[PDB]
Amino acid sequence: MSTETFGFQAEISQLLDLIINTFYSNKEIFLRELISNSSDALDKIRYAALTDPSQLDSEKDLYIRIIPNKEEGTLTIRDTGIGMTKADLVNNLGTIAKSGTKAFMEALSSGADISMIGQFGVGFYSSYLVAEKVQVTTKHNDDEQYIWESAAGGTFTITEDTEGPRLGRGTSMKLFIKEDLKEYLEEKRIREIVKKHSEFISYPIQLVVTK
Ligand SMILES: CCNC(=O)c1noc(-c2cc(C(C)C)c(O)cc2O)c1-c1ccc(CN2CCOCC2)cc1
């Protein structure tokens, strides 16, 4: 249960400051990128299953589920993707991201839009447009379950998950929404965003509504 504290790569910290401290209007594009990242993770496990199906034993259902928690003020995006290993959390959210993170700001200096963040493979960091803190719970078939957490203060912590709920396989991403942005926890707002930005994705998008 030991927590290892790591620091963001310099370009990622530099980019993370550009997302938080700059004012943008349609911050709703974060959900498009988090669903798209969930869809890409779902693609990788079907392709792994085509090679070896024993990979779906962890969880046979492939879906994308959104769980807004108004009382906790969190938006959770759970998908049964291939998941990430402890190594992958550092090497997929870093190093591979460095070329894209730099290329994004090189495009942003050329006058690009914040919505193009997905074309540079760093669409996850757009979640900090609406989230003050992000808890990424992941589980890959060949590794253990880990909780990645960061408030974009230049440091991120990876914790081996031993007391949280089992995922089996996939990635559960808990976004701690800023108080002025609780609109992204409303039922109607989430759905009109999903239909607007993620209409044509192959996997089923699920929303947990509570009455
Ligand atoms: C290495 C094999 N495993 C995975 O790729 C994986 N499993 O779960 C992933 C999710 C990641 C995120 C954020 C933290 C990146 C989500 O919001 C949702 C996921 O399912 C997730 C993932 C999916 C896509 C990406 C970014 N891609 C896409 C753009 O190019 C770079 C790589 C990064 C991570």
# chains A, B, ... in the order shown; residues from 1 in each chain; ligands from 1

$ closest_atom_pairs --of "chain A" --to "ligand 1" --cutoff "9 Å" --atoms "only C-alpha atoms and all ligand atoms" --output "Markdown table"
| residue | atom | partner | partner_atom_place_in_ligand_line | distance |
| --- | --- | --- | --- | --- |
| A:31 | CA | ligand 1 | 17 (O) | 8.7 |
| A:33 | CA | ligand 1 | 17 (O) | 7.3 |
| A:34 | CA | ligand 1 | 17 (O) | 4.1 |
| A:35 | CA | ligand 1 | 17 (O) | 6.6 |
| A:36 | CA | ligand 1 | 18 (C) | 7.6 |
| A:37 | CA | ligand 1 | 24 (C) | 4.2 |
| A:38 | CA | ligand 1 | 20 (O) | 3.4 |
| A:39 | CA | ligand 1 | 20 (O) | 6.8 |
| A:40 | CA | ligand 1 | 23 (C) | 5.2 |
| A:41 | CA | ligand 1 | 6 (C) | 4.5 |
| A:42 | CA | ligand 1 | 20 (O) | 7.0 |
| A:44 | CA | ligand 1 | 2 (C) | 6.8 |
| A:45 | CA | ligand 1 | 3 (N) | 8.4 |
| A:64 | CA | ligand 1 | 20 (O) | 8.5 |
| A:77 | CA | ligand 1 | 17 (O) | 7.1 |
| A:78 | CA | ligand 1 | 20 (O) | 7.4 |
| A:79 | CA | ligand 1 | 20 (O) | 5.6 |
| A:80 | CA | ligand 1 | 20 (O) | 7.2 |
| A:81 | CA | ligand 1 | 8 (O) | 5.4 |
| A:82 | CA | ligand 1 | 7 (N) | 5.0 |
| A:83 | CA | ligand 1 | 7 (N) | 3.4 |
| A:84 | CA | ligand 1 | 3 (N) | 4.5 |
| A:85 | CA | ligand 1 | 1 (C) | 7.4 |
| A:88 | CA | ligand 1 | 1 (C) | 5.9 |
| A:89 | CA | ligand 1 | 34 (C) | 8.1 |
| A:91 | CA | ligand 1 | 1 (C) | 8.7 |
| A:92 | CA | ligand 1 | 33 (C) | 6.0 |
| A:93 | CA | ligand 1 | 33 (C) | 6.5 |
| A:96 | CA | ligand 1 | 31 (C) | 7.1 |
| A:97 | CA | ligand 1 | 31 (C) | 6.7 |
| A:100 | CA | ligand 1 | 31 (C) | 8.3 |
| A:118 | CA | ligand 1 | 29 (C) | 7.2 |
| A:119 | CA | ligand 1 | 29 (C) | 7.6 |
| A:120 | CA | ligand 1 | 29 (C) | 6.9 |
| A:121 | CA | ligand 1 | 29 (C) | 3.5 |
| A:122 | CA | ligand 1 | 29 (C) | 6.5 |
| A:123 | CA | ligand 1 | 15 (C) | 7.3 |
| A:124 | CA | ligand 1 | 15 (C) | 4.7 |
| A:125 | CA | ligand 1 | 15 (C) | 7.8 |
| A:127 | CA | ligand 1 | 17 (O) | 8.4 |
| A:134 | CA | ligand 1 | 14 (C) | 8.9 |
| A:135 | CA | ligand 1 | 14 (C) | 8.9 |
| A:136 | CA | ligand 1 | 14 (C) | 6.1 |
| A:137 | CA | ligand 1 | 14 (C) | 8.7 |
| A:138 | CA | ligand 1 | 8 (O) | 6.6 |
| A:139 | CA | ligand 1 | 7 (N) | 8.0 |
| A:140 | CA | ligand 1 | 3 (N) | 7.4 |
| A:148 | CA | ligand 1 | 14 (C) | 8.5 |
| A:169 | CA | ligand 1 | 7 (N) | 8.8 |
| A:170 | CA | ligand 1 | 8 (O) | 5.7 |
| A:171 | CA | ligand 1 | 20 (O) | 4.8 |
| A:172 | CA | ligand 1 | 18 (C) | 7.1 |
| A:173 | CA | ligand 1 | 17 (O) | 6.0 |

$ write_last_selection --atoms "N, CA and C atoms" --output "short mmCIF file (atom, residue, chain, number, x, y, z; two decimals), in the first residue's frame"
data_model
loop_
_atom_site.label_atom_id
_atom_site.label_comp_id
_atom_site.auth_asym_id
_atom_site.auth_seq_id
_atom_site.Cartn_x
_atom_site.Cartn_y
_atom_site.Cartn_z
N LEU A 31 -14.63 15.41 -21.88
CA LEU A 31 -15.33 14.13 -21.89
C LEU A 31 -15.15 13.42 -23.22
N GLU A 33 -12.41 13.43 -24.99
CA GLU A 33 -11.09 12.83 -24.98
C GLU A 33 -10.99 11.66 -24.00
N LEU A 34 -11.67 11.76 -22.86
CA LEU A 34 -11.63 10.67 -21.89
C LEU A 34 -12.40 9.46 -22.40
N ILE A 35 -13.53 9.69 -23.07
CA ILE A 35 -14.24 8.60 -23.72
C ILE A 35 -13.40 8.04 -24.87
N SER A 36 -12.77 8.91 -25.65
CA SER A 36 -11.93 8.45 -26.75
C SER A 36 -10.74 7.64 -26.24
N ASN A 37 -10.12 8.09 -25.15
CA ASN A 37 -9.06 7.30 -24.54
C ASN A 37 -9.60 5.98 -24.01
N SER A 38 -10.84 5.99 -23.51
CA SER A 38 -11.46 4.74 -23.09
C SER A 38 -11.75 3.85 -24.29
N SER A 39 -12.15 4.44 -25.41
CA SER A 39 -12.42 3.65 -26.61
C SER A 39 -11.14 3.04 -27.17
N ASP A 40 -10.04 3.79 -27.15
CA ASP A 40 -8.77 3.25 -27.62
C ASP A 40 -8.30 2.10 -26.73
N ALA A 41 -8.53 2.21 -25.42
CA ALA A 41 -8.16 1.12 -24.52
C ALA A 41 -9.04 -0.11 -24.77
N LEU A 42 -10.31 0.11 -25.11
CA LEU A 42 -11.19 -1.00 -25.44
C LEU A 42 -10.77 -1.66 -26.74
N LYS A 44 -7.71 -2.00 -27.79
CA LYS A 44 -6.50 -2.78 -27.56
C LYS A 44 -6.81 -4.14 -26.97
N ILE A 45 -7.86 -4.25 -26.15
CA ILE A 45 -8.15 -5.55 -25.54
C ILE A 45 -8.90 -6.47 -26.50
N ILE A 64 -18.21 1.38 -21.82
CA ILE A 64 -17.77 2.63 -21.22
C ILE A 64 -18.90 3.14 -20.34
N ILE A 77 -15.33 7.82 -14.86
CA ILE A 77 -15.46 7.24 -16.19
C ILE A 77 -14.80 5.87 -16.12
N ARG A 78 -15.61 4.82 -16.05
CA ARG A 78 -15.14 3.45 -15.93
C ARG A 78 -15.30 2.73 -17.27
N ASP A 79 -14.21 2.12 -17.73
CA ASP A 79 -14.23 1.30 -18.93
C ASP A 79 -13.44 0.03 -18.67
N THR A 80 -13.81 -1.04 -19.36
CA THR A 80 -13.14 -2.33 -19.20
C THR A 80 -12.09 -2.53 -20.30
N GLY A 81 -11.19 -1.55 -20.40
CA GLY A 81 -10.13 -1.58 -21.38
C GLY A 81 -9.03 -2.56 -21.00
N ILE A 82 -7.96 -2.54 -21.80
CA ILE A 82 -6.84 -3.44 -21.55
C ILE A 82 -6.13 -3.09 -20.25
N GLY A 83 -6.23 -1.83 -19.82
CA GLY A 83 -5.60 -1.41 -18.59
C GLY A 83 -4.15 -1.03 -18.78
N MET A 84 -3.54 -0.57 -17.69
CA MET A 84 -2.16 -0.12 -17.69
C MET A 84 -1.40 -0.76 -16.54
N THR A 85 -0.14 -1.06 -16.80
CA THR A 85 0.75 -1.63 -15.82
C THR A 85 1.41 -0.49 -15.06
N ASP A 88 3.53 1.11 -17.28
CA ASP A 88 2.79 1.86 -18.33
C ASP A 88 2.31 3.19 -17.76
N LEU A 89 1.97 3.25 -16.48
CA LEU A 89 1.43 4.53 -15.98
C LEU A 89 2.52 5.59 -16.14
N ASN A 91 5.31 5.17 -18.28
CA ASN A 91 5.82 5.21 -19.68
C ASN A 91 4.73 5.49 -20.73
N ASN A 92 3.44 5.43 -20.38
CA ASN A 92 2.38 5.78 -21.37
C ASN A 92 1.91 7.21 -21.12
N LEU A 93 1.89 7.63 -19.86
CA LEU A 93 1.50 9.02 -19.53
C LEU A 93 2.76 9.87 -19.50
N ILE A 96 6.33 8.79 -24.08
CA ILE A 96 5.55 8.72 -25.35
C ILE A 96 4.80 10.04 -25.48
N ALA A 97 4.24 10.51 -24.36
CA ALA A 97 3.47 11.78 -24.35
C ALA A 97 4.38 12.98 -24.60
N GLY A 100 4.25 14.47 -28.17
CA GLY A 100 2.93 15.09 -28.40
C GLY A 100 2.73 16.33 -27.55
N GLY A 118 -6.67 16.30 -28.53
CA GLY A 118 -6.75 14.88 -28.81
C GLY A 118 -5.83 14.44 -29.93
N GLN A 119 -5.63 15.30 -30.93
CA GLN A 119 -4.78 14.95 -32.06
C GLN A 119 -3.32 14.79 -31.69
N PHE A 120 -2.93 15.18 -30.48
CA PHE A 120 -1.54 15.06 -30.03
C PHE A 120 -1.37 14.02 -28.93
N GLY A 121 -2.38 13.19 -28.69
CA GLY A 121 -2.25 12.10 -27.75
C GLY A 121 -2.14 12.50 -26.30
N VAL A 122 -2.53 13.72 -25.96
CA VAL A 122 -2.48 14.19 -24.57
C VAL A 122 -3.87 14.64 -24.15
N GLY A 123 -4.90 14.05 -24.77
CA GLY A 123 -6.27 14.43 -24.47
C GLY A 123 -6.69 14.17 -23.04
N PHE A 124 -5.97 13.30 -22.32
CA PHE A 124 -6.30 13.04 -20.93
C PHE A 124 -6.12 14.29 -20.07
N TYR A 125 -5.05 15.05 -20.32
CA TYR A 125 -4.75 16.21 -19.49
C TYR A 125 -5.80 17.30 -19.63
N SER A 127 -8.70 16.86 -18.92
CA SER A 127 -9.59 16.66 -17.78
C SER A 127 -9.35 17.70 -16.70
N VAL A 134 -7.40 14.34 -10.11
CA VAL A 134 -7.78 13.19 -10.92
C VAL A 134 -7.22 11.93 -10.28
N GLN A 135 -8.10 10.97 -9.99
CA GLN A 135 -7.72 9.66 -9.48
C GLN A 135 -7.95 8.64 -10.59
N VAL A 136 -6.87 8.06 -11.10
CA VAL A 136 -6.93 7.07 -12.16
C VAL A 136 -6.68 5.70 -11.54
N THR A 137 -7.72 4.87 -11.51
CA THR A 137 -7.62 3.49 -11.04
C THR A 137 -7.58 2.58 -12.26
N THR A 138 -6.49 1.83 -12.41
CA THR A 138 -6.30 0.99 -13.58
C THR A 138 -5.90 -0.41 -13.15
N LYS A 139 -6.08 -1.36 -14.07
CA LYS A 139 -5.73 -2.75 -13.81
C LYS A 139 -5.46 -3.42 -15.15
N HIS A 140 -4.22 -3.83 -15.38
CA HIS A 140 -3.84 -4.59 -16.56
C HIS A 140 -3.75 -6.07 -16.19
N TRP A 148 -3.52 5.85 -9.73
CA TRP A 148 -2.76 7.03 -10.12
C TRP A 148 -3.55 8.27 -9.73
N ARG A 169 -10.17 -5.72 -14.91
CA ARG A 169 -9.45 -5.18 -16.05
C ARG A 169 -10.15 -3.91 -16.50
N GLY A 170 -9.36 -2.90 -16.85
CA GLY A 170 -9.87 -1.64 -17.35
C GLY A 170 -9.28 -0.48 -16.60
N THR A 171 -9.93 0.68 -16.74
CA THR A 171 -9.47 1.92 -16.13
C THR A 171 -10.66 2.70 -15.61
N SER A 172 -10.67 2.96 -14.30
CA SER A 172 -11.68 3.81 -13.67
C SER A 172 -11.02 5.14 -13.33
N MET A 173 -11.57 6.22 -13.87
CA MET A 173 -10.98 7.55 -13.74
C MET A 173 -11.94 8.47 -12.99
#

$ residues_around --residues "residue 160 (chain A)" --least-positions-apart "2" --cutoff "12 Å" --atoms "only C-alpha atoms" --output "number ranges by chain"
A: 1-5, 85-87, 89, 136-139, 143-149, 157-158, 162-164, 166

$ write_last_selection --atoms "N, CA, C and O atoms" --output "short mmCIF file (atom, residue, chain, number, x, y, z; two decimals), in the first residue's frame"
data_model
loop_
_atom_site.label_atom_id
_atom_site.label_comp_id
_atom_site.auth_asym_id
_atom_site.auth_seq_id
_atom_site.Cartn_x
_atom_site.Cartn_y
_atom_site.Cartn_z
N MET A 1 0.82 -1.20 0.00
CA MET A 1 0.00 0.00 0.00
C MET A 1 0.86 1.25 0.00
O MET A 1 0.36 2.36 0.15
N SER A 2 2.16 1.07 -0.17
CA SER A 2 3.10 2.18 -0.19
C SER A 2 2.82 3.07 -1.38
O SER A 2 2.53 2.59 -2.47
N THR A 3 2.95 4.38 -1.17
CA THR A 3 2.70 5.33 -2.23
C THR A 3 4.02 5.89 -2.72
O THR A 3 4.83 6.37 -1.94
N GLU A 4 4.23 5.82 -4.03
CA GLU A 4 5.46 6.33 -4.60
C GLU A 4 5.13 7.63 -5.30
O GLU A 4 4.27 7.67 -6.16
N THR A 5 5.83 8.69 -4.92
CA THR A 5 5.58 10.00 -5.49
C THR A 5 6.55 10.24 -6.62
O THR A 5 7.76 10.09 -6.46
N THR A 85 -0.14 -1.06 -16.80
CA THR A 85 0.75 -1.63 -15.82
C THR A 85 1.41 -0.49 -15.06
O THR A 85 1.29 0.67 -15.44
N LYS A 86 2.08 -0.81 -13.96
CA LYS A 86 2.73 0.22 -13.17
C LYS A 86 3.73 0.93 -14.03
O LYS A 86 3.88 2.14 -13.98
N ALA A 87 4.42 0.15 -14.86
CA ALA A 87 5.39 0.70 -15.79
C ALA A 87 4.68 1.59 -16.79
O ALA A 87 5.15 2.66 -17.14
N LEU A 89 1.97 3.25 -16.48
CA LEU A 89 1.43 4.53 -15.98
C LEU A 89 2.52 5.59 -16.14
O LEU A 89 2.21 6.69 -16.60
N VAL A 136 -6.87 8.06 -11.10
CA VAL A 136 -6.93 7.07 -12.16
C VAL A 136 -6.68 5.70 -11.54
O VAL A 136 -5.57 5.40 -11.08
N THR A 137 -7.72 4.87 -11.51
CA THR A 137 -7.62 3.49 -11.04
C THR A 137 -7.58 2.58 -12.26
O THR A 137 -8.53 2.56 -13.05
N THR A 138 -6.49 1.83 -12.41
CA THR A 138 -6.30 0.99 -13.58
C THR A 138 -5.90 -0.41 -13.15
O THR A 138 -5.45 -0.64 -12.02
N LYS A 139 -6.08 -1.36 -14.07
CA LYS A 139 -5.73 -2.75 -13.81
C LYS A 139 -5.46 -3.42 -15.15
O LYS A 139 -6.38 -3.54 -15.97
N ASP A 143 -0.41 -7.17 -14.67
CA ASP A 143 0.09 -6.41 -13.53
C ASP A 143 -1.02 -6.31 -12.49
O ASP A 143 -2.12 -6.84 -12.66
N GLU A 144 -0.71 -5.62 -11.39
CA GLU A 144 -1.66 -5.43 -10.30
C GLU A 144 -2.52 -4.19 -10.55
O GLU A 144 -2.39 -3.51 -11.57
N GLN A 145 -3.41 -3.90 -9.61
CA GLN A 145 -4.27 -2.73 -9.68
C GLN A 145 -3.59 -1.56 -8.98
O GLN A 145 -3.09 -1.70 -7.86
N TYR A 146 -3.56 -0.41 -9.65
CA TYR A 146 -2.88 0.76 -9.14
C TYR A 146 -3.81 1.97 -9.20
O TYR A 146 -4.68 2.06 -10.07
N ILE A 147 -3.61 2.89 -8.26
CA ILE A 147 -4.35 4.15 -8.22
C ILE A 147 -3.37 5.27 -8.54
O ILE A 147 -2.49 5.60 -7.74
N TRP A 148 -3.52 5.85 -9.73
CA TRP A 148 -2.76 7.03 -10.12
C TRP A 148 -3.55 8.27 -9.73
O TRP A 148 -4.74 8.38 -10.03
N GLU A 149 -2.89 9.21 -9.05
CA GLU A 149 -3.55 10.41 -8.56
C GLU A 149 -2.62 11.60 -8.69
O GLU A 149 -1.42 11.49 -8.42
N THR A 157 1.18 10.72 -7.99
CA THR A 157 1.49 9.57 -7.16
C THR A 157 0.87 8.28 -7.65
O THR A 157 -0.30 8.25 -8.00
N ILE A 158 1.66 7.21 -7.68
CA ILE A 158 1.16 5.92 -8.10
C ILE A 158 1.09 5.05 -6.86
O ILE A 158 2.09 4.86 -6.18
N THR A 162 -4.76 -1.95 -2.96
CA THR A 162 -5.03 -3.18 -2.23
C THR A 162 -6.31 -3.12 -1.40
O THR A 162 -6.77 -4.16 -0.93
N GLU A 163 -6.89 -1.93 -1.21
CA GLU A 163 -8.08 -1.78 -0.39
C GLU A 163 -9.28 -1.23 -1.14
O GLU A 163 -10.39 -1.21 -0.58
N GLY A 164 -9.11 -0.79 -2.38
CA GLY A 164 -10.22 -0.32 -3.18
C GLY A 164 -10.92 -1.45 -3.89
O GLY A 164 -10.47 -2.61 -3.90
N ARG A 166 -12.15 -4.05 -6.55
CA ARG A 166 -11.48 -4.71 -7.66
C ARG A 166 -12.10 -4.29 -8.99
O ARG A 166 -13.32 -4.14 -9.11
#

$ residues_around --residues "residue 28 (chain A)" --least-positions-apart "3" --cutoff "9 Å" --atoms "only C-alpha atoms" --output "list in words"
residues 25, 31, 32, 129, 130, 184, 190, 193 and 197 of chain A

$ write_last_selection --atoms "N, CA, C and O atoms" --output "CSV table (one decimal), in the first residue's frame"
chain,number,residue,atom,x,y,z
A,25,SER,N,-13.7,28.3,-23.2
A,25,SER,CA,-15.2,28.2,-23.0
A,25,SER,C,-15.7,26.8,-23.0
A,25,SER,O,-16.2,26.3,-22.0
A,31,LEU,N,-14.6,15.4,-21.9
A,31,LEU,CA,-15.3,14.1,-21.9
A,31,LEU,C,-15.2,13.4,-23.2
A,31,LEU,O,-15.1,12.2,-23.3
A,32,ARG,N,-15.0,14.2,-24.3
A,32,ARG,CA,-14.8,13.6,-25.6
A,32,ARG,C,-13.4,12.8,-25.6
A,32,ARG,O,-13.3,11.7,-26.1
A,129,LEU,N,-9.1,20.7,-17.2
A,129,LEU,CA,-9.9,21.9,-17.4
A,129,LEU,C,-11.1,22.0,-16.4
A,129,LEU,O,-11.5,23.1,-16.0
A,130,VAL,N,-11.6,20.8,-16.1
A,130,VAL,CA,-12.8,20.8,-15.2
A,130,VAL,C,-12.5,20.1,-13.9
A,130,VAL,O,-13.3,20.1,-13.0
A,184,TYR,N,-21.2,19.5,-15.2
A,184,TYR,CA,-20.7,18.3,-15.8
A,184,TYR,C,-21.1,17.1,-14.9
A,184,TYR,O,-20.7,15.9,-15.3
A,190,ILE,N,-24.4,15.8,-19.3
A,190,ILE,CA,-23.5,14.8,-19.7
A,190,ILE,C,-24.0,14.1,-21.0
A,190,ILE,O,-23.2,13.8,-21.9
A,193,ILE,N,-23.6,16.2,-24.1
A,193,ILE,CA,-22.2,16.3,-24.5
A,193,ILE,C,-21.8,15.0,-25.2
A,193,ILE,O,-21.2,15.0,-26.2
A,197,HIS,N,-20.3,15.0,-29.0
A,197,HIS,CA,-18.8,14.8,-29.2
A,197,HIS,C,-18.4,13.3,-29.4
A,197,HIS,O,-17.3,13.1,-29.9

$ residues_around --residues "residue 101 (chain A)" --least-positions-apart "2" --cutoff "10 Å" --atoms "only C-alpha atoms" --output "PyMOL selection string"
chain A and resi 9-16+94-99+103-107+117+120-123+125

$ write_last_selection --atoms "N, CA, C and O atoms" --output "compact mmCIF listing (two decimals), in the first residue's frame"
# COMPACT_ATOMS: atom_id res chain seq x y z
N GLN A 9 7.03 14.94 -16.16
CA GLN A 9 8.07 15.38 -17.08
C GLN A 9 7.87 16.86 -17.39
O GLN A 9 6.75 17.37 -17.41
N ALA A 10 8.99 17.55 -17.63
CA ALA A 10 8.98 19.01 -17.68
C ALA A 10 7.96 19.55 -18.67
O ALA A 10 7.24 20.52 -18.38
N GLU A 11 7.87 18.94 -19.85
CA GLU A 11 6.91 19.40 -20.85
C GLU A 11 5.48 19.18 -20.39
O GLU A 11 4.59 20.00 -20.68
N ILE A 12 5.23 18.09 -19.66
CA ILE A 12 3.88 17.80 -19.20
C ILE A 12 3.46 18.78 -18.11
O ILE A 12 2.32 19.27 -18.11
N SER A 13 4.36 19.08 -17.17
CA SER A 13 4.08 20.10 -16.17
C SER A 13 3.83 21.45 -16.84
O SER A 13 2.90 22.18 -16.47
N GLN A 14 4.66 21.79 -17.83
CA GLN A 14 4.49 23.03 -18.57
C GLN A 14 3.13 23.07 -19.27
O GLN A 14 2.43 24.08 -19.23
N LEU A 15 2.75 21.96 -19.91
CA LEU A 15 1.45 21.90 -20.57
C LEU A 15 0.31 21.94 -19.55
O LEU A 15 -0.70 22.60 -19.77
N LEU A 16 0.46 21.21 -18.44
CA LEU A 16 -0.59 21.17 -17.44
C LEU A 16 -0.91 22.56 -16.91
O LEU A 16 -2.08 22.89 -16.68
N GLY A 94 3.90 9.28 -19.87
CA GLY A 94 5.17 10.04 -19.94
C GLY A 94 6.06 9.47 -21.04
O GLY A 94 5.77 8.35 -21.47
N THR A 95 7.05 10.23 -21.51
CA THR A 95 8.01 9.78 -22.56
C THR A 95 7.32 9.67 -23.93
O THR A 95 7.73 10.41 -24.83
N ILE A 96 6.33 8.79 -24.08
CA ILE A 96 5.55 8.72 -25.35
C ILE A 96 4.80 10.04 -25.48
O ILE A 96 4.76 10.61 -26.58
N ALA A 97 4.24 10.51 -24.36
CA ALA A 97 3.47 11.78 -24.35
C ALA A 97 4.38 12.98 -24.60
O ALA A 97 3.86 13.99 -25.08
N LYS A 98 5.67 12.87 -24.30
CA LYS A 98 6.55 14.07 -24.38
C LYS A 98 6.54 14.65 -25.80
O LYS A 98 6.41 15.88 -25.92
N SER A 99 6.63 13.81 -26.83
CA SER A 99 6.69 14.36 -28.20
C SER A 99 5.39 15.09 -28.51
O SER A 99 5.45 16.21 -29.04
N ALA A 103 4.66 19.02 -29.11
CA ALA A 103 4.03 19.35 -30.39
C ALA A 103 2.73 20.10 -30.20
O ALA A 103 2.36 20.94 -31.04
N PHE A 104 2.00 19.83 -29.11
CA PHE A 104 0.76 20.54 -28.85
C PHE A 104 1.02 22.02 -28.59
O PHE A 104 0.35 22.89 -29.16
N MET A 105 1.98 22.32 -27.72
CA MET A 105 2.31 23.71 -27.43
C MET A 105 2.97 24.40 -28.62
O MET A 105 2.77 25.60 -28.83
N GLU A 106 3.75 23.66 -29.41
CA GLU A 106 4.26 24.21 -30.66
C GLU A 106 3.13 24.55 -31.62
O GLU A 106 3.26 25.48 -32.42
N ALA A 107 2.02 23.82 -31.54
CA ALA A 107 0.84 24.17 -32.33
C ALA A 107 0.03 25.27 -31.64
O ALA A 107 -0.52 26.14 -32.32
N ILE A 117 -6.45 19.03 -28.62
CA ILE A 117 -5.57 18.32 -27.69
C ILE A 117 -5.58 16.82 -27.96
O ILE A 117 -4.60 16.12 -27.68
N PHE A 120 -2.93 15.18 -30.48
CA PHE A 120 -1.54 15.06 -30.03
C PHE A 120 -1.37 14.02 -28.93
O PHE A 120 -0.31 13.97 -28.30
N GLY A 121 -2.38 13.19 -28.69
CA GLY A 121 -2.25 12.10 -27.75
C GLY A 121 -2.14 12.50 -26.30
O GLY A 121 -1.69 11.70 -25.48
N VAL A 122 -2.53 13.72 -25.96
CA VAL A 122 -2.48 14.19 -24.57
C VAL A 122 -3.87 14.64 -24.15
O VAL A 122 -4.02 15.50 -23.27
N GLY A 123 -4.90 14.05 -24.77
CA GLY A 123 -6.27 14.43 -24.47
C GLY A 123 -6.69 14.17 -23.04
O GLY A 123 -7.68 14.74 -22.57
N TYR A 125 -5.05 15.05 -20.32
CA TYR A 125 -4.75 16.21 -19.49
C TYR A 125 -5.80 17.30 -19.63
O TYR A 125 -5.86 18.20 -18.78

$ closest_residue --among "A:26, A:115, A:21, A:210" --to "residue 132 (chain A)" --atoms "only C-alpha atoms"
A:21

$ residues_around --residues "residue 6 (chain A)" --least-positions-apart "5" --cutoff "10 Å" --atoms "only C-alpha atoms" --output "ChimeraX atom specification"
/A:90,150,154-158

$ closest_residue --among "A:176, A:187, A:30, A:49" --to "residue 73 (chain A)" --atoms "only C-alpha atoms"
A:176

$ atom_distance --atom1 "CA of residue 63 (chain A)" --atom2 "CA of residue 205 (chain A)"
6.5 Å

$ atom_distance --atom1 "CA of residue 203 (chain A)" --atom2 "CA of residue 60 (chain A)"
13.4 Å

$ residues_around --residues "residue 183 (chain A)" --least-positions-apart "5" --cutoff "12 Å" --atoms "only C-alpha atoms" --output "list in words"
residues 27, 28, 68, 69, 70, 73, 74, 75, 130, 177, 178, 188, 189, 190, 191, 192 and 193 of chain A

$ write_last_selection --atoms "C-alpha atoms" --output "short mmCIF file (atom, residue, chain, number, x, y, z; two decimals), in the first residue's frame"
data_model
loop_
_atom_site.label_atom_id
_atom_site.label_comp_id
_atom_site.auth_asym_id
_atom_site.auth_seq_id
_atom_site.Cartn_x
_atom_site.Cartn_y
_atom_site.Cartn_z
CA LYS A 27 -14.38 22.88 -21.50
CA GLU A 28 -16.83 20.04 -22.26
CA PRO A 68 -21.45 11.06 -11.76
CA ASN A 69 -21.41 11.51 -7.98
CA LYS A 70 -23.04 14.83 -7.09
CA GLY A 73 -18.61 16.09 -6.51
CA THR A 74 -16.83 13.51 -8.68
CA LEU A 75 -17.25 12.27 -12.25
CA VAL A 130 -12.77 20.75 -15.19
CA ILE A 177 -14.82 18.59 -10.39
CA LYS A 178 -14.26 22.24 -9.53
CA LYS A 188 -28.91 16.23 -19.10
CA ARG A 189 -25.56 17.99 -19.53
CA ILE A 190 -23.55 14.76 -19.67
CA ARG A 191 -25.88 13.18 -22.23
CA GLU A 192 -26.03 16.19 -24.55
CA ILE A 193 -22.22 16.26 -24.48
#

$ select_by_dssp --residues "region 3-201 of chain A" --states "strand (DSSP E or B)" --output "ChimeraX atom specification"
/A:3-7,64-69,74-79,131-139,145-150,155-160,170-177

$ atom_distance --atom1 "CA of residue 200 (chain A)" --atom2 "CA of residue 116 (chain A)"
17.9 Å

$ select_by_dssp --residues "region 5-201 of chain A" --states "alpha helix (DSSP H)" --output "number ranges by chain"
A: 10-20, 29-51, 86-92, 96-108, 187-197

$ closest_residue --among "A:111, A:153, A:204, A:165" --to "residue 20 (chain A)" --atoms "only C-alpha atoms"
A:153

$ decode --residues "region 136-141 of chain A" --atoms "N, CA, C and O atoms" --output "mmCIF file, in the first residue's frame"
data_model
loop_
_atom_site.group_PDB
_atom_site.id
_atom_site.type_symbol
_atom_site.label_atom_id
_atom_site.label_comp_id
_atom_site.auth_asym_id
_atom_site.auth_seq_id
_atom_site.Cartn_x
_atom_site.Cartn_y
_atom_site.Cartn_z
ATOM 1 N N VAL A 136 -6.867 8.062 -11.096
ATOM 2 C CA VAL A 136 -6.927 7.067 -12.161
ATOM 3 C C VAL A 136 -6.684 5.699 -11.538
ATOM 4 O O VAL A 136 -5.573 5.402 -11.082
ATOM 5 N N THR A 137 -7.721 4.868 -11.511
ATOM 6 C CA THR A 137 -7.616 3.492 -11.042
ATOM 7 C C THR A 137 -7.584 2.578 -12.261
ATOM 8 O O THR A 137 -8.534 2.558 -13.048
ATOM 9 N N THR A 138 -6.493 1.833 -12.414
ATOM 10 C CA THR A 138 -6.295 0.992 -13.581
ATOM 11 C C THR A 138 -5.902 -0.412 -13.148
ATOM 12 O O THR A 138 -5.452 -0.639 -12.021
ATOM 13 N N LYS A 139 -6.077 -1.358 -14.070
ATOM 14 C CA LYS A 139 -5.727 -2.751 -13.813
ATOM 15 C C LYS A 139 -5.463 -3.418 -15.155
ATOM 16 O O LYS A 139 -6.380 -3.542 -15.973
ATOM 17 N N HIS A 140 -4.218 -3.827 -15.379
ATOM 18 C CA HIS A 140 -3.837 -4.590 -16.556
ATOM 19 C C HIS A 140 -3.751 -6.069 -16.194
ATOM 20 O O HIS A 140 -3.482 -6.428 -15.044
ATOM 21 N N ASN A 141 -3.992 -6.928 -17.187
ATOM 22 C CA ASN A 141 -4.043 -8.363 -16.921
ATOM 23 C C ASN A 141 -2.712 -8.903 -16.413
ATOM 24 O O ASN A 141 -2.693 -9.850 -15.619
#
